[PDB]
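Comments concern the structure below.
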Amino acid sequence: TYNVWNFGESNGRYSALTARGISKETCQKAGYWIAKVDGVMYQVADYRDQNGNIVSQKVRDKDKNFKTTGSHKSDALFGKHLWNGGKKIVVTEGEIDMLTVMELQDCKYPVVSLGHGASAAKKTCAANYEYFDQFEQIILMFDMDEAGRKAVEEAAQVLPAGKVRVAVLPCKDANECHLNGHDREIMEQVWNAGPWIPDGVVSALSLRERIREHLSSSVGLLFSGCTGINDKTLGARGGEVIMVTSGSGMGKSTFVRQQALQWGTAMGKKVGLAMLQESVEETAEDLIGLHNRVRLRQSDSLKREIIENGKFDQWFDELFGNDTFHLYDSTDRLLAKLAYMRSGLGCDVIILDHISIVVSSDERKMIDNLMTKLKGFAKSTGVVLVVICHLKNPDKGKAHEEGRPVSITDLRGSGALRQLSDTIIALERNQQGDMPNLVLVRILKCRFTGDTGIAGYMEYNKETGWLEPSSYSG
Amino acid sequence: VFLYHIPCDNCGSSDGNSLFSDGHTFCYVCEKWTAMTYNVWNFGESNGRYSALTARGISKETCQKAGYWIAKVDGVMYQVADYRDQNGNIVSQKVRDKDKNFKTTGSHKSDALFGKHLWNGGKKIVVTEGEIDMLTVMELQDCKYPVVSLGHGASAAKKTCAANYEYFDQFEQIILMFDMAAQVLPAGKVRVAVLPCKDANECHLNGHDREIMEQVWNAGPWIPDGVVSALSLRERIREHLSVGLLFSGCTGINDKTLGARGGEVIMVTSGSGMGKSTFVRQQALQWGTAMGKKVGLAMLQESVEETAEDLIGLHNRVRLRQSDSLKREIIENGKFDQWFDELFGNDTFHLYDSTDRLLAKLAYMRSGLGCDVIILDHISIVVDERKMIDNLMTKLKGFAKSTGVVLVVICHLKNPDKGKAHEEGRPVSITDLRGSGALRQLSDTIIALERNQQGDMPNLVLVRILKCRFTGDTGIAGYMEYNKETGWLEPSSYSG
Amino acid sequence: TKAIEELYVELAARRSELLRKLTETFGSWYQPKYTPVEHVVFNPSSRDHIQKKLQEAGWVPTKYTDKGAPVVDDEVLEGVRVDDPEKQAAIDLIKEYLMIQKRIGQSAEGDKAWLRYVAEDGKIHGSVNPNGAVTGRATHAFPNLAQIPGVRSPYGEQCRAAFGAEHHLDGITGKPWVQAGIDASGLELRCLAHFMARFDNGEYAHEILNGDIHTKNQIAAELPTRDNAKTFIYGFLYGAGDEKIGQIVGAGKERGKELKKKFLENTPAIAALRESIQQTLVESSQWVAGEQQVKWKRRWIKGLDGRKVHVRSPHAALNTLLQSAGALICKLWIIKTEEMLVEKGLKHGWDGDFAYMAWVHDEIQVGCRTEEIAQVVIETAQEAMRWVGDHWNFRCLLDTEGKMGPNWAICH
DNA sequence: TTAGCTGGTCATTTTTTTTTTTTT
RNA sequence: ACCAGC
Ligand SMILES: Cc1cn([C@H]2C[C@H](O)[C@@H](COP(=O)(O)OP(=O)(O)OP(=O)(O)O)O2)c(=O)[nH]c1=O
Ligand SMILES: Cc1cn([C@H]2C[C@H](O)[C@@H](COP(=O)(O)OP(=O)(O)OP(=O)(O)O)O2)c(=O)[nH]c1=O
Ligand SMILES: [Mg+2]
Ligand SMILES: [Mg+2]
Ligand SMILES: [Zn+2]
């Protein structure tokens, strides 16, 4: 903080390093020395300019703390002053690694060290671009940690191409391999290392097994209620966002709940619901009543009857015996809870409902960022994701609930919903027409099969709640 | 550590004194041992005494090993606790008295703990939110097991526990005793146990301290958030099975709506001045004093006294605001309070006097007064006119959710462009709700009123159900005839 | 691990009840630190506060070991009477609190406790020094597996049930194993019959072979328990006084004199052997009123294998002559009992057939896979003990006894 | 003139490009 | 000084 500490006023002395394995000759050559001030022996590193002017000190104590002597520059490199040329340099992460490489090479190769570490390595490598132009090969030598991989990935972007090569180590870094006696395996990594391949691009031939693995995987889940839908959809696979829409109160939640029950009690798939329209008890009673082919909430006398004769447990054990269902209790925390539902529990189908409250500033950027995050969550996971949405107000003509055929550009809020959803299914019925229990399924978008239009017809039952495959001809 | 025995000098025994590797000796016979403010308070200056706490029960040795000492400065009693570092120096202090005067002296860091200056290696650790429970666990475990405590409380656990990561990383299992939730710690390692009392001090002072120690060594898993499995729904559904409020005025409505439930949004609409307030007022008067339910009204069109006069004139089957002599006669003979008492003896009616300030008042009416049916009128003053109404409907749907309240909302209609107007008997559609298009998306029941004031019968109305999630029966419910002499509209039997 | 954590969580909520109930009876007081005083409370762990509280409760100790303080132990807290009948019940709670405190200090909260020396495979490795005592007796440390409380002590069976051999499932079948424990009965008392057989012409070891010696000693000495009789005979044998063996029966020095005169005139060969040993080792002993000046002639004693056994005190020569010759036969027997099993065609180790677990001064504890292996071990132990008795040409007949069980509570 | 041989204990407000869903 | 063993 005060000033550059002179070795005369701080009792400087050049010694060896027994605990790390460095003799006094290397620390004499570099300038890493030891001060005796305030009783406690302080370790201190010296920084120099291109000419040799002392500009900065790095003071560290016995208990792993940091102390800067003043203005720490961005072009501060430990070891830059000693070398002014060469064909092969080695850039070390810390400061003991550079001394270790100087110990194992008898002061031959130009080896330097960083001045910031792995936190601000990109700034000090962008500010030292003019120094690396006079060289021919650069060997990056960082830690075998996740932060070390992040540093060797992101700090190798502001470097000149064709001259960067990355070596690997079995230890944390080179110093423990010097302590464990791996002095022969490090010299081969100095001489022959691996080039700047693993950035993220792949080769055309390295996928040959993995495409086979995906060839041996990815079976679609068959829908229920209609066989004409599966003839142009072929199920639902991993990474499949299926959008469901209709008019206001036309049977979205009923069809989705029936699809969830038919996937639960007949396939054994672990299904995670996130119903936000109603709470847990109402949808639980709806599932229990729908499995027993009755309307549970629509009969107070039946609810009074089934609790007296003790047959409620007979319906509870046949449903929740295997615990295949996992419900949710009512913005970025929902993504983490769905991530825990997928990874921590192990579900295969995730169902949401009523996305308009979730997007409730500018709603378009919010719903676009939300759809991007759900698409990225569905990507590289292998999960069916069912999303329920609503429609907007038409300008002229009749209403959507009165049996009007709906188009694909009627999804409210933005246009980004149809640009990322794979299969969009719309439901159509007329409650004021002749038959208010005959529905129409319309495939608006299908990325995989490509067959759009009217799928089939189903007939709703007002007594049991089980809509059946009808045989109506339009 | 013990090495061997030496002959003592005080007691003069042969094998009574024991020598240690630290250089000190100890005799078993003679019992002789050898060898803001921004100011840290000195121990001997402020009359530091290691007194044992009496009213709750803490031994003297725990206060000596923890650094919780009593100051007698200025004639009062302070309880100073000390927070240290890994080096073994006093970092900060905390002063507590009978009035809980929080005088935190010294450099109080954001990652300050208590009891970390002695413990670096181990297997288990217990983290509490206070200091008395931590010393209580030290009393139960005789000050030999690693127990730390937060220095800032359970309100800022996202800062103190997050800054200390490598200290908690050195152990194998971390047990929490906060409330009877911080996920910054690594997963697969943190256990949370549940005590049958408020904290550990109540189990200590009520003999349930065994249930402390049974939960320490046998704590339960993490269980992060409200992800509820299907097994935990055994008694909640059975409690939920053990009700539709009847719509008074017409019997054709209840045949296809089956009343309203807990958390039910009812929307009432008609044309411009077709009598929404009269119909909703009749339902409120027939539901409040005739069914025993507490109803909260929020009539924003008129004042409190005017709707009180309406209610009083309605219930007595007269027209109060349509005659001055009828208003004058009822006060000159003392029959005014007779209408007051027989209607307001039960206090089931609560009126409102006149946008986020409304939701707090509705929460105070629902939770505090304990009502069941809340009625809102004249939404136009409350509500760009698309984001505000959508946010308002979302907040009211969230308020009606998980509460058990029937929320009635009166809305309006938009102006038509072609054809006949709504005052001449036009059949209204579902997409005529002005303001937004989400009003028919969150409402669970939609009721429309249709009448023609210029046709053959200017007092015949029609009820149209537009949306019903419970059954799915929409359309014309029936016909009712309005009275131009009493105000009470009656169910008729008109045919098309 | 689970069975001892259950015991620890059981008896940790007991001493937290014995302090709330007790400090309200024995109240706090002021102690002198213008005169500085402090409000000190009753500490039941200290032996000084209980002495002060029994002074002011109306009790006279009538026993002064120290020059200014009475003695406080288990035998003075039983025969104590006060006027207040609440303190008479409170003294039993004080003794129970001290017992639970020692249990806690030994079991889990100690620096050398049980739970701080458990390996990753659920086992305990203890240091066993083969020659630690001055009489060739092996010692045990870090931790000490030869000093846990027995089955006669309270909370004794619940501790020895955890130190079992059935907690090691086999790695090929997943089955628990069988523990065999083999103890010698009457070791030093038969070695004494071997030594002094040249004085009484060897008609003393015949009664020892004729039935149990401790049972008929209990009958002829009217002791209540066999353990008190076994304590009394080895107290009388290894140079007692007039009161320390009257303390075993609880009577005065007159009964302690008449029992010595009774057991001395039965077999007049103990005093002759003692006189022979004193004539062999010492030659002169000058007497001091506060010390003793002894001019030695032979400090060491030749043992059974020519080993120079050291003598510390001249009146304890019978002790270092008896127990030093009694450990070597067990040390050879534990060698021979595996030298027969290896030559028989068995395999030692956890992946084999048998494994040695614990060797205290008298008995051995072996763990084996099947019960037939335990039968072979309990058959060959008698043959090994016979080869021990035959190899050094003993005049007596050595005999052991073995037990078979799941753990080390039945096979004690 | 004396039962012994072990182990273990506690202590210090300004301007301009893109999108959407109502209404005058 | 106390506790436990062998
Ligand atoms: C398809 C269909 C549904 N119904 C009833 C049963 C359904 O529970 C009810 C509507 O309930 P939902 O199925 O929940 O309606 P929705 O999901 O399409 O939209 P929202 O919840 O936002 O209003 O309509 C019929 O009466 N006849 C029919 O043909
Ligand atoms: C109890 C005790 C035993 N010993 C000796 C006697 C034995 O030689 C050895 C162990 O004694 P024990 O095994 O207790 O007695 P025991 O072997 O004669 O009889 P049994 O097996 O049938 O129960 O240690 C003492 O020296 N001092 C003592 O206080
Ligand atoms: Mg729905
Ligand atoms: Mg024995
Ligand atoms: Zn002493």
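We're sticking with Swiss-Prot numbering for chain C, so the shown stretch reads 236-268, 326-704, in order.
Determination method: electron microscopy, 4.0 Å.
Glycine too: its Cβ is placed from the backbone N, Cα and C atoms.
Here is what Swiss-Prot says about this protein:
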- C:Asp475, C:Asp654: Mg(2+) 3 binding site (BINDING)
- C:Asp475, C:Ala476, C:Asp654: Mg(2+) 4 binding site (BINDING)
- C:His506, C:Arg518, C:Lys522, C:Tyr526: substrate binding site (BINDING)
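The distance from the Cα of C:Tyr526 (substrate binding site) to the Cα of C:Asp654 (Mg(2+) 3 binding site) comes to 15 Å. Listed in sequence order, the residues C:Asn509, C:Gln510, C:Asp519, C:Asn520, C:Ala521, C:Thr523, C:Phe524, C:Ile525 complete the 8 Å Cβ shell around the substrate site centroid, once C:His506, C:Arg518, C:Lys522, C:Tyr526 themselves are left out.
Taking CA atoms as the reference points, C:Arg518 (substrate binding site) and C:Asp475 (Mg(2+) 3 binding site) are 17 Å apart. Neighbour counts of Cβ atoms within 10 Å were compared for the binding-site residues C:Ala476, C:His506, C:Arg518, C:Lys522, C:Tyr526, and the top value is held by C:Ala476. Across the structure, C:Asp475 (Mg(2+) 3 binding site) and C:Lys522 (substrate binding site) are spaced 15 Å apart at their Cα atoms.
With a cut-off of 6 Å between Cβ and the nearest atom of ligand 4, the binding-site residues C:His506, C:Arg518, C:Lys522, C:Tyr526 reduce to an empty set.
In the three-state DSSP reading, C:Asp475 (Mg(2+) 3 binding site) counts as strand. Checking the binding-site residues C:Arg518, C:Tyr526, C:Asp654 against ligand 2, the ones with a C-beta less than 6 Å from an atom of that molecule are C:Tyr526, C:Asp654. Cβ contacts within 10 Å of C:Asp475 (Mg(2+) 3 binding site), excluding its own Cβ and spanning all protein chains shown: 16. For C:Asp654 (Mg(2+) 3 binding site), applying a Cβ distance below 8 Å and a minimum sequence separation of six or more within one chain yields C:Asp475, C:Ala476, C:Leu479, C:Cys622.
Under DSSP, C:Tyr526 (substrate binding site) is assigned to a helix (H, G or I) in the three-state scheme.
Listed in chain order, the residues near the Mg(2+) 4 site other than C:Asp475, C:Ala476, C:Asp654 are C:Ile474, C:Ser477, C:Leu479, C:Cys622, C:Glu655, C:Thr692, C:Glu693, each with its Cβ within 8 Å of the site Cβ centroid. In the three-state DSSP scheme, C:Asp654 (Mg(2+) 3 binding site) is classed as coil.
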